[PDB]
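**Q** Could you have a look at this structure, given as structure tokens, before my questions?
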Amino acid sequence: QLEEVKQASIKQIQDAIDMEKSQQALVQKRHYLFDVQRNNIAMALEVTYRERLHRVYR
Amino acid sequence: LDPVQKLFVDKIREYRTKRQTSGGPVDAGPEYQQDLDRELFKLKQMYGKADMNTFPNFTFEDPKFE
């Protein structure tokens, strides 16, 4: 008798945990990729303007 | 000459003659000129070859966001 009731209570929380975390994870990183990506991009456009002033002045 | 300023004169009128030649002072002559020609050229070697009497203009571009 006792096995199945405790077995279900474990197995359910097992599937519950991953999936609320899986929810959060997909959102957050992916929003966190976006603005990441666009760092990296905009990083260079100023350098090049920046660096250019030095290069042309030389 | 040693009313000492006369030795400045001694030099100076030969500056006066030389500067009151052409190029201002010349008589340095072609031998000077080959010497010039090298270092004036040699300068360009360090230094690039174009608008040393006009303004250089430039260009602005990108490869990719690698």
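Here's how to read the names in the structure tokens: chain A, B, ... by the order shown, residue numbers from 1 in each chain, ligand numbers from 1 in the order shown.
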Could you list, as a list in words, the residues of chain B having an atom within 8 Å of chain A when counting only C-alpha atoms?
**A** residues 57, 58, 60 and 65 of chain B
**Q** Could you write those residues out with N, CA, C and O atoms, as a compact mmCIF listing (two decimals), in the first residue's frame?
**A**
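Full text of selection-v4.txt as output:
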```txt
# COMPACT_ATOMS: atom_id res chain seq x y z
N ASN B 57 42.03 62.77 -48.01
CA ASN B 57 40.67 62.36 -47.65
C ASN B 57 40.61 60.84 -47.47
O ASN B 57 41.47 60.12 -47.98
N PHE B 58 39.61 60.35 -46.73
CA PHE B 58 39.60 59.01 -46.15
C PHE B 58 38.22 58.37 -46.20
O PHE B 58 37.25 59.03 -46.58
N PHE B 60 35.53 54.81 -44.73
CA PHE B 60 34.84 54.37 -43.52
C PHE B 60 33.89 53.23 -43.87
O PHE B 60 33.02 53.40 -44.72
N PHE B 65 30.19 41.61 -38.06
CA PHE B 65 30.15 41.38 -36.62
C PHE B 65 30.43 39.89 -36.35
O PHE B 65 29.49 39.10 -36.41
```
**Q** Looking only at helix (DSSP H, G or I) from DSSP on the backbone, list the matching residues of chain B as a ChimeraX atom specification.
**A** /B:5-19,29-47
**Q** Residues of the last selection are to be written out with N, CA, C and O atoms, as a tab-separated table (two decimals), in the first residue's frame.
**A**
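Here's the written file part.tsv:
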```
chain	number	residue	atom	x	y	z
B	5	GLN	N	81.94	92.86	-34.77
B	5	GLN	CA	80.77	92.97	-35.63
B	5	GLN	C	81.06	93.14	-37.11
B	5	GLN	O	80.16	93.11	-37.93
B	6	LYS	N	82.29	93.52	-37.45
B	6	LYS	CA	82.74	93.54	-38.82
B	6	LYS	C	82.99	92.14	-39.35
B	6	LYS	O	83.19	92.02	-40.53
B	7	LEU	N	83.25	91.14	-38.50
B	7	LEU	CA	83.34	89.72	-38.82
B	7	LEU	C	81.97	89.11	-38.97
B	7	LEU	O	81.75	88.29	-39.84
B	8	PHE	N	81.02	89.72	-38.27
B	8	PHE	CA	79.62	89.46	-38.50
B	8	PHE	C	79.31	90.07	-39.84
B	8	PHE	O	79.13	89.29	-40.72
B	9	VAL	N	79.62	91.36	-40.08
B	9	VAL	CA	79.62	91.97	-41.43
B	9	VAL	C	80.34	91.11	-42.43
B	9	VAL	O	79.79	91.00	-43.50
B	10	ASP	N	81.54	90.60	-42.11
B	10	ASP	CA	82.36	89.79	-42.99
B	10	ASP	C	81.50	88.65	-43.51
B	10	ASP	O	80.88	88.91	-44.54
B	11	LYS	N	80.94	87.86	-42.58
B	11	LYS	CA	79.87	86.91	-42.89
B	11	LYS	C	78.64	87.53	-43.54
B	11	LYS	O	77.98	86.93	-44.37
B	12	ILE	N	78.17	88.65	-43.01
B	12	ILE	CA	76.79	89.08	-43.11
B	12	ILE	C	76.56	89.53	-44.51
B	12	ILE	O	75.50	89.22	-45.01
B	13	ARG	N	77.47	90.31	-45.11
B	13	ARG	CA	77.32	90.78	-46.50
B	13	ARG	C	77.42	89.66	-47.49
B	13	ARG	O	76.92	89.77	-48.58
B	14	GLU	N	78.03	88.57	-47.09
B	14	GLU	CA	78.04	87.36	-47.86
B	14	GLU	C	76.78	86.55	-47.61
B	14	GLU	O	76.23	86.06	-48.57
B	15	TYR	N	76.11	86.76	-46.46
B	15	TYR	CA	74.68	86.47	-46.36
B	15	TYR	C	73.87	87.40	-47.24
B	15	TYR	O	72.76	87.02	-47.59
B	16	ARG	N	74.21	88.70	-47.26
B	16	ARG	CA	73.48	89.74	-47.99
B	16	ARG	C	73.51	89.39	-49.46
B	16	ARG	O	72.48	88.89	-49.86
B	17	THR	N	74.70	89.18	-50.02
B	17	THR	CA	74.93	88.57	-51.34
B	17	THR	C	74.16	87.28	-51.47
B	17	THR	O	73.20	87.31	-52.20
B	18	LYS	N	74.38	86.28	-50.61
B	18	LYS	CA	73.75	84.98	-50.80
B	18	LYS	C	72.24	85.07	-50.72
B	18	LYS	O	71.58	84.83	-51.70
B	19	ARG	N	71.64	85.58	-49.65
B	19	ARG	CA	70.18	85.82	-49.56
B	19	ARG	C	69.61	86.72	-50.66
B	19	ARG	O	68.42	86.63	-50.95
B	29	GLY	N	74.05	74.50	-54.40
B	29	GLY	CA	74.27	73.92	-55.71
B	29	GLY	C	73.70	72.51	-55.82
B	29	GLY	O	72.87	72.12	-55.00
B	30	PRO	N	73.81	71.88	-57.00
B	30	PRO	CA	73.21	70.57	-57.26
B	30	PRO	C	73.66	69.46	-56.31
B	30	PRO	O	72.92	68.53	-56.06
B	31	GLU	N	74.87	69.52	-55.78
B	31	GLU	CA	75.40	68.44	-54.93
B	31	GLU	C	74.63	68.28	-53.62
B	31	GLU	O	73.95	67.27	-53.43
B	32	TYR	N	74.38	69.43	-53.00
B	32	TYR	CA	73.33	69.62	-52.01
B	32	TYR	C	71.99	69.00	-52.42
B	32	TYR	O	71.24	68.54	-51.54
B	33	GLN	N	71.59	69.22	-53.68
B	33	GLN	CA	70.30	68.84	-54.28
B	33	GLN	C	70.15	67.34	-54.35
B	33	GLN	O	69.20	66.85	-53.76
B	34	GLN	N	71.14	66.59	-54.84
B	34	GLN	CA	71.04	65.13	-54.79
B	34	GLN	C	70.88	64.69	-53.35
B	34	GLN	O	70.01	63.88	-53.07
B	35	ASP	N	71.57	65.35	-52.41
B	35	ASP	CA	71.47	64.99	-51.01
B	35	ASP	C	70.06	65.19	-50.46
B	35	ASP	O	69.45	64.23	-49.96
B	36	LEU	N	69.55	66.39	-50.68
B	36	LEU	CA	68.16	66.72	-50.51
B	36	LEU	C	67.24	65.65	-51.11
B	36	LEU	O	66.46	65.05	-50.39
B	37	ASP	N	67.39	65.36	-52.40
B	37	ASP	CA	66.51	64.51	-53.17
B	37	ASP	C	66.31	63.17	-52.49
B	37	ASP	O	65.17	62.84	-52.18
B	38	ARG	N	67.40	62.59	-51.97
B	38	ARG	CA	67.36	61.36	-51.17
B	38	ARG	C	66.54	61.60	-49.92
B	38	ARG	O	65.74	60.75	-49.61
B	39	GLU	N	66.94	62.51	-49.03
B	39	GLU	CA	66.29	62.58	-47.72
B	39	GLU	C	64.86	63.03	-47.86
B	39	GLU	O	64.03	62.26	-47.41
B	40	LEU	N	64.55	63.99	-48.72
B	40	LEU	CA	63.20	64.41	-49.09
B	40	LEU	C	62.31	63.28	-49.63
B	40	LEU	O	61.18	63.09	-49.16
B	41	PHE	N	62.86	62.45	-50.52
B	41	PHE	CA	62.26	61.17	-50.92
B	41	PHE	C	62.15	60.22	-49.72
B	41	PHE	O	61.09	59.65	-49.49
B	42	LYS	N	63.24	60.03	-48.98
B	42	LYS	CA	63.40	59.05	-47.91
B	42	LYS	C	62.39	59.34	-46.82
B	42	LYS	O	61.73	58.41	-46.39
B	43	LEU	N	62.14	60.62	-46.54
B	43	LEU	CA	61.06	61.14	-45.70
B	43	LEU	C	59.78	60.47	-46.13
B	43	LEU	O	59.36	59.56	-45.44
B	44	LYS	N	59.36	60.65	-47.39
B	44	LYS	CA	58.15	60.04	-47.96
B	44	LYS	C	58.02	58.55	-47.66
B	44	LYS	O	56.89	58.11	-47.48
B	45	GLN	N	59.11	57.77	-47.64
B	45	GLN	CA	59.16	56.33	-47.31
B	45	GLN	C	58.63	56.00	-45.92
B	45	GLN	O	57.62	55.32	-45.86
B	46	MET	N	59.04	56.77	-44.92
B	46	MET	CA	58.51	56.64	-43.55
B	46	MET	C	57.02	56.98	-43.42
B	46	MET	O	56.40	56.74	-42.40
B	47	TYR	N	56.50	57.76	-44.37
B	47	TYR	CA	55.63	58.87	-44.01
B	47	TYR	C	54.41	58.90	-44.99
B	47	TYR	O	53.57	59.79	-44.96
```
